[PDB]
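These notes concern the structure reproduced below.
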There are 2 protein chains.
Amino acid sequence: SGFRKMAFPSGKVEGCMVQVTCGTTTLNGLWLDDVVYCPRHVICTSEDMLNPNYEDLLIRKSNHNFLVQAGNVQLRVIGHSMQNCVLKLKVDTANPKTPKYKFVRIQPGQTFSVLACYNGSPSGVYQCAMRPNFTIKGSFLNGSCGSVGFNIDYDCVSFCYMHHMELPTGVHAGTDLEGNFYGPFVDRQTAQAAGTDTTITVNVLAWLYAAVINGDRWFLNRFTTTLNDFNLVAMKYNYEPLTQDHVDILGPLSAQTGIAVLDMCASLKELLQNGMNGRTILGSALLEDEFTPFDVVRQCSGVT
Amino acid sequence: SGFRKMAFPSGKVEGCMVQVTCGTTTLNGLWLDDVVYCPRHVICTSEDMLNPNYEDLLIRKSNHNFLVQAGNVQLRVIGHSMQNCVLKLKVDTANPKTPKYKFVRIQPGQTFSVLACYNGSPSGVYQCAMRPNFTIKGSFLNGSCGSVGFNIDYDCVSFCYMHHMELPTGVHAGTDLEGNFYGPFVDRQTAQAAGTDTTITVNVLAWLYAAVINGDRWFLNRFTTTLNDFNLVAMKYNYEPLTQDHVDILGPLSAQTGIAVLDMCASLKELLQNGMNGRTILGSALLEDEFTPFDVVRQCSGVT
Ligand SMILES: O=C(Nc1ccc(N(Cc2ccsc2)C(=O)Cn2nnc3ccccc32)cc1)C1CC1
Ligand SMILES: O=C(Nc1ccc(N(Cc2ccsc2)C(=O)Cn2nnc3ccccc32)cc1)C1CC1
């Protein structure tokens, strides 16, 4: 028992991190097979971030201008190309530590682990959620760009995120591994405000089921609700509207605990209306929304 | 910016996890050089956990009774010995993935990452603190025993914890890598209650400095306090008494922010007395105590 914000073991990803330097700028790259993936803003100078013309900036760069170092060994760059907001540096050596992998574009509300890196070296790993407003609340300092987000299914690493920027609000924006930004963000040093950060209702419910499984049950009540009644309350508290698809994914947790999804919704409704009253749930004094129903099942069953 | 409960990259530890089976029981072992370390209760049956005589139980076991598998390859056991509550299985092959390592016995209040494993395979990584009552609030299911806690300094892995048991209260107990239990716990299926779980005051203060660095400052006040005045309040709220050594370790954070340690203590005092008033600090509605002053500095500087 016990419930923790658990990240995937990062070893398979650590073996892919490299350092990419272009002129004065150094950031992280992801080396898979004979390609190194990195944010295209690696080619930008101080007077560029303001309004960069990446096509015009990339014209002044050749294969030899991109310095890729893996550990203490230099990789030879034989090709370079821009795909949306990422650069793909073709190297002459396939990464011998390349795991089985996929590039996936995750849905808002889904979770992933981030391996924060600096100068191609890993510093830490933590679990994140893609917010409904397509930002992530990460922990990144200058030099962390190119750090990636991922999920792992047995031996396959699904890369879903690459870190590119920090908005003036301290939240983070980035792309999938095809270089497409999550949300409306652009790789430009401009005021870009994130939209309303709504709570991932399906995840809070999954976490409430995790709490019941692990012994925290004070919040269980004698009430029930309907999807429409619950959604009226969810709207007021800037919670995502719950759908029948959400109810369906909560099915295994509902079956395991014997608490119908709508009864758990009624517990959530009362917690939203009345607060925690100074109490805690799984060591938290607020409703946790960064565990999907899949994460709860995985952690409560021990999937390796 | 941003602040997260970050764990160390687990790759160096993943390469050490093996599966150890003795009779019907399977748990995790740690393979470093030519030795596999695992909890000695791997030799116990159902009618043993109640009151096991490990010396008498180990007498009926030979090198061939301990099955050690690393991935899909079997290791040959050429020696076995019991050191306190761990078994040391000498194997004929040095682990080719053995990192530079140390065995350290951590102090209560210090933090570490846990690589949770099942059948020698890693499932996840999370950050823990050794509670002042020598328990850890982990996430472990049956089969997780032998999972280890560790810290990493550049390339050196300091192993500090090995998981052995879950107390009837859902908290976890374990040993250092010499097999000595943290706290008064014994590897026996008996009621063993943990003592009072006090809050790690030096860590809450370090987290409050992390909050100021990352922009959360509503809790800063116009007051100050003394060590004795603060400790009167800390006693009432089951917080660890703050010492001059604690003040000294908070020194770099105090210097970075320009907020004297005793002024931060006065903010903590008011938060203890008046609560959060429905507000949050670094996305938490309670005072976080599982970040040491070293963790805050490391995360806020980007040590890899
Ligand atoms: O100034 C340089 N580069 C350089 C500067 C800023 C950035 N930007 C914005 C940007 C994006 C596309 S263009 C400009 C970031 O937000 C990067 N970021 N991400 N997480 C951060 C956390 C803290 C601080 C910065 C962080 C990206 C690149 C060269 C070294 C001289
Ligand atoms: O029953 C067997 N072994 C077997 C049973 C219990 C245990 N024990 C207590 C114990 C310790 C020394 S003696 C008995 C644990 O607390 C292990 N633990 N740790 N985390 C857990 C989280 C959830 C459940 C159990 C957990 C250790 C070993 C053999 C497979 C048949």
_Kindly evaluate B:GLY79 against the criterion of being under 25 Å from A:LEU115 (Cα atoms), in the same structural domain as B:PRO39 (by CATH) and surrounded by fewer than 17 Cβ atoms within 10 Å (Cβ to Cβ)._
no
*Has the stretch B:39-59 got any residue that is away from chain A (no Cβ under 14 Å), in contact (Cβ under 8 Å) with a residue 40 or more places away in the chain and under 25 Å from B:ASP155 (Cβ atoms)?*
no
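Just one of B:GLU240, B:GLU270 is among the acidic types (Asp, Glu), more than 14 Å from chain A (Cβ to nearest Cβ) and within 11 Å of B:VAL202 (Cα to Cα); which is it? Can you show your working first?
Values: B:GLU270 fails: within 11 Å of B:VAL202 (Cα to Cα).
Checking each option against the conditions leaves just B:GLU240.
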*When only residues in the stretch A:137-151 that are crowded, with 24+ Cβ neighbours inside 10 Å and more than 9 Å from chain B (Cβ to nearest Cβ) count, which is farthest from A:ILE106 (Cα to Cα)?*
A:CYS145
*Among the numbered conditions (1) more than 14 Å from every other protein chain (Cβ to nearest Cβ); (2) surrounded by 14 or more Cβ atoms within 10 Å (Cβ to Cβ); (3) away from ligand 1 (no atom under 16 Å from the Cβ), tell me where A:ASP289 comes up short.*
(1)
*Quickly run through the stretch B:127-136 and pick out the residues that are buried (at least 24 other Cβ atoms within 10 Å of the Cβ) and not in a strand (DSSP E or B).*
B:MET130, B:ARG131, B:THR135
*Give the stretch A:228-274 a look and list any residue that's within 24 Å of A:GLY195 (Cβ to Cβ) and without any contact (Cβ under 8 Å) to a residue 40 or more places away in the chain, or say none.*
A:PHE230, A:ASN231, A:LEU232, A:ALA234, A:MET235, A:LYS236, A:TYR237, A:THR243, A:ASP245, A:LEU272
*Kindly provide the set of residues from the stretch A:292-304 that are surrounded by 14 or more Cβ atoms within 10 Å (Cβ to Cβ) and at the interface with chain B (Cβ under 10 Å from one of its Cβ atoms), ordered by number.*
A:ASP295, A:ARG298, A:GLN299, A:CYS300, A:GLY302, A:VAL303, A:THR304
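Kindly establish whether A:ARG60 is assigned by CATH to the domain that holds A:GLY146 and out of contact with any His (no Cβ under 9 Å at 6 or more places or on another chain).
Judged against the criteria, A:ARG60 is not a match.
Considering only the stretch B:80-95, I want to know if a residue exists there that is of a type in the set (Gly, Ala, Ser), without any contact (Cβ under 8 Å) to a residue 24 or more places away in the chain, more than 16 Å from ligand 1 (Cβ to nearest atom) and under 17 Å from B:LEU30 (Cβ atoms). Steps first, answer last, please.
First, pick out the residues of the stretch B:80-95 that are of a type in the set (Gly, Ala, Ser): B:81, B:94.
In the following step, the residues that additionally are without any contact (Cβ under 8 Å) to a residue 24 or more places away in the chain were identified as B:81.
Adding the requirement that they be more than 16 Å from ligand 1 (Cβ to nearest atom) leaves B:81.
Narrowing the set further to residues that are under 17 Å from B:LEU30 (Cβ atoms) leaves B:81.
Scanning the stretch B:80-95, I find at least one residue that is of a type in the set (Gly, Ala, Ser), without any contact (Cβ under 8 Å) to a residue 24 or more places away in the chain, more than 16 Å from ligand 1 (Cβ to nearest atom) and under 17 Å from B:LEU30 (Cβ atoms), so the answer is yes.
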_For a quick check of your reading of the model, give me the residue pairs whose first member lies in the stretch B:106-124 and is buried (at least 22 other Cβ atoms within 10 Å of the Cβ), whose second is hydroxyl-bearing (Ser, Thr, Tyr) and part of a loop (DSSP other than H, G, I, E, B), with beta-carbon atoms closer than 6 Å and at least 6 apart or on different chains._
B:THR111/B:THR292; B:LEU115/B:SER10; B:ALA116/B:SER144; B:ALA116/B:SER147; B:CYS117/B:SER147; B:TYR118/A:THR304; B:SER123/A:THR304
_If I filter the stretch B:2-18 for residues that are crowded, with 19+ Cβ neighbours inside 10 Å, more than 11 Å from every other protein chain (Cβ to nearest Cβ) and touching a helix residue (DSSP H, G or I) at 6+ places or on another chain (Cβ under 8 Å), do I get at least one hit?_
no
_Residues located in the stretch A:127-136, provided they are away from chain B (no Cβ under 13 Å) and hydrophobic (A, V, I, L, M, F, W, C)_ = A:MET130, A:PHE134
*Does at least one position in the stretch A:181-197 carry a residue that is among the polar types (S, T, N, Q), more than 16 Å from ligand 2 (Cβ to nearest atom) and within 16 Å of the chain's Cα centre (by Cα)?*
no
*Scan the stretch B:22-38 for residues that are near ligand 2 (Cβ under 10 Å from one of its atoms) and within 14 Å of chain A (Cβ to nearest Cβ) and jot them down.*
B:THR26, B:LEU27
*Hey, A:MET162 hits all of (1) among the hydrophobic types (A, V, I, L, M, F, W, C); (2) closer than 23 Å to A:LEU89 by Cβ; (3) away from ligand 1 (no atom under 14 Å from the Cβ) but one; which does it fall short on?*
(3)
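Of everything in the stretch A:284-298, what is of a type outside the set (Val, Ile, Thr) and farther than 25 Å from B:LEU287 by Cα? Give them in sequence order.
So in the stretch A:284-298, the residues of a type outside the set (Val, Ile, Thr) come out as A:284-291, A:293-295, A:298.
Hits for the stretch A:284-298 are A:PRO293, A:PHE294, A:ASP295, A:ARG298.
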*asked:* Looking only at the stretch B:99-126, filter to residues that are touching a helix residue (DSSP H, G or I) at 6+ places or on another chain (Cβ under 9 Å), within 24 Å of A:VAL157 (Cα to Cα) and more than 8 Å from every other protein chain (Cβ to nearest Cβ); which one of those is farthest from ligand 1 (Cβ to nearest atom)?
replied: B:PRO99
*Under the condition of being away from chain A (no Cβ under 14 Å) and touching a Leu at 6+ places or on another chain (Cβ under 7 Å), which residue from the stretch B:156-181 is farthest from B:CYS117 (Cα to Cα)?*
B:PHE159
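Among the candidates B:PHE140, B:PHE159, single out the residue that is outside any strand (DSSP E or B) and under 20 Å from B:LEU27 (Cβ atoms).
Details: B:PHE159 fails: outside any strand (DSSP E or B).
After ruling out the rest, the residue left standing is B:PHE140.
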*asked:* For a quick check of your reading: which helices (runs of 4 or more DSSP H) sit entirely within the stretch A:185-279 and have at least 3 residues that are under 19 Å from A:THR292 (Cβ atoms) and in contact with a strand residue (DSSP E or B) (Cβ under 8 Å, 6 or more places away or on another chain)?
replied: A:201-213
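Within the stretch B:66-78, can one find any residue that is within 26 Å of the chain's Cα centre (by Cα) and either within 16 Å of ligand 1 (Cβ to nearest atom) or away from every other protein chain (no Cβ under 14 Å) (or both)?
Step one: of the stretch B:66-78, the residues within 26 Å of the chain's Cα centre (by Cα) are B:68-71.
Then drop every residue that is not either within 16 Å of ligand 1 (Cβ to nearest atom) or away from every other protein chain (no Cβ under 14 Å) (or both), which leaves B:68, B:70.
Yes: the stretch B:66-78 contains one or more residues that are within 26 Å of the chain's Cα centre (by Cα) and either within 16 Å of ligand 1 (Cβ to nearest atom) or away from every other protein chain (no Cβ under 14 Å) (or both).
The values are calculated or read from the model by the stated rules, or taken from the named source; none is laboratory data. Neighbour counts are summed over all protein chains in view; Cβ atoms, including those assigned to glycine, are modelled from backbone coordinates with ideal geometry.
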